[PDB]
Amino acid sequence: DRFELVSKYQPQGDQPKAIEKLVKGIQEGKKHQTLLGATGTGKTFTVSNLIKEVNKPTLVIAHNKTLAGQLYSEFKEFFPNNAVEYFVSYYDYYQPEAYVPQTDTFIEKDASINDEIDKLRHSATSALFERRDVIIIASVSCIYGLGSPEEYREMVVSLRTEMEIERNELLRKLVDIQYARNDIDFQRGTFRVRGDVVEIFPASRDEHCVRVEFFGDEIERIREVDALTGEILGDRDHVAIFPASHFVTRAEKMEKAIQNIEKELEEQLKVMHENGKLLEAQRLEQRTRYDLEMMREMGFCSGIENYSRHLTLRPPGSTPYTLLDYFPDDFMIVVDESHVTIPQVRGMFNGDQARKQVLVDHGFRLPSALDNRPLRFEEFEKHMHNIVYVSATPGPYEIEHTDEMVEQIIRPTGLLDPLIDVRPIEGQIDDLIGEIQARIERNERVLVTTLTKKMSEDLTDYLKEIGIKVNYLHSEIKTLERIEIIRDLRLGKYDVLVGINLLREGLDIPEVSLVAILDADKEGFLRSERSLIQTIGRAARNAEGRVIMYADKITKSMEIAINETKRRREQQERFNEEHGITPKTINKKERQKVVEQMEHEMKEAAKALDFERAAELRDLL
């Protein structure tokens, strides 16, 4: 079951040494290790190599789904013959259930499920039971509730050729595991029957189904077929069909769980009446007994997840089953951007618990709803066999638990850490204009970080008044719109981006030759050692990259950041000299509303692939 790493690359720079150390670290049974890779060193190639050498099922955790998608695309290319999988929340958008006591307003759960994401989730969990050569790229969705892997495993329908089994008995088993008969619209999670042929569309597929051909009570053949075409893709001697749902509640357990929910309700109502929580008792009882009628009628009610722990018949406070449980005991976790991802993982339970206690306090939910929850960080720790944190700036968790850092500081094409200049706060804006103007003449772009909304808007406005092409990265710009703006910077539609936080997803672009840091000496979050080094990093994608920090004094964070930058650049230039390498970059209000409408139109015409209409609109613009 080996990983086969496919790439146009060979390990370069100090990648071989980083790989060596990390592999030896796992051989030494080191639970925690940290890969201290400076930005642009190819840390994802390093991890690919680690994954190949250690050869365990591996979980890669990422802090946003844009980066998770980005890792997934890359790992599929790296391991085309192994099972690279994607595990993210299937919600296209998610408004959780919430209550605002201040305004006495309840927020209903609002959300739509993405069919492709649910598919990839099913593909992920079934793979863990089919083979060892599995890499999953996941969000913190990996610490959220899933049915019992033992049950999921156990509920598989196994079929093999020459097997005895009745056609209709197969139908019954498939229903029992949440497949639906649909002869007319045959989709995933669905079976269709034509005489002696059953076609099952696995929940893990939207592309290929399993055709099972009977002769009497015996399977003659099993074929992977193209669902739409009927074109045979291959014969199988064996197929495992996994449940179409990650939480199936058979009719027997549901009856009992309804027993237990009623009793819990009966006890909570008692306690609330004694404490004169009359409103909250009325509300809770209406809601719960309605939920309970629906379960008795349909075996389903909306927001049924609030009852997950009851439906399992497990005692209160029980750790949820998560994806972590689907993995063998001997698996590896890689935590991408660990300084961000680790605090996020810890923050999920507490955010969840806070939101749900205001619902239990005010009678919208039973206390058992809190058992429908992500893992506690102490629970996530229990799943750590070998964990490798990946970060240019490791957090205090990683630092504490790692005996020695594995450093990786050398870039494939020899690109250096930028030159840093410290310049006074006085004459700040004017000094910067000059540096921007000079970058404009050179067909290079600029990133600039301000501490405030106020300075960002003032400087953006002033730049615009001057004839400079600029965009303010406002904080409430979503990453989808962010990426559009960044694409436009790359194109030279803008020459400068001004933002408070430049550490937001996707801001590493080769065309940027200058990063300017206003108020570098104000510490806080924005001017911490971590923020400074990451911000410096944005200038390291360009062979003439440079940072300017405006500051009247050198704070502790400036010192560590400037020191580390200068130290790496030194070793990097030594490597380059010693290896014969030359660093090379890898690669008016009325007008305003008209442009925003035609742009939307141009973008719509592009999604529709009416590229001619999108051209007409670009030329209009």
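Numbering starts at 1 and follows the sequence shown.
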{"item": "Missing residues, deposited sequence, between residue 587 and residue 588 (class: none, 1 to 3, 4 to 9, 10 or more)", "value": "10 or more"}
{"item": "Stretch with the greater mean C-alpha B-factor as recorded in the entry, comparing 573-581 against 551-559", "value": "573-581"}
{"item": "Segment of higher mean CA temperature factor, 210-218 or 476-484", "value": "476-484"}
{"item": "Maximum C-alpha temperature factor, selected from 169, 108, 519, 544", "value": "108"}
{"item": "Largest Cα B-factor, entry values, listed residues 289, 401, 119, 538", "value": "289"}
{"item": "Entry-reported Cα temperature factor of residue 457, expressed as the chain third it lands in", "value": "middle"}
{"item": "Cα B factor band for residue 591 (lowest, middle or highest third within the chain)", "value": "highest"}
{"item": "Where the record places residue 19 (Cα B-factor, split into thirds across the chain)", "value": "lowest"}
{"item": "B-factor third for the C-alpha atom of residue 445 within its chain", "value": "lowest"}
{"item": "Chain-relative CA temperature factor third for residue 269", "value": "highest"}
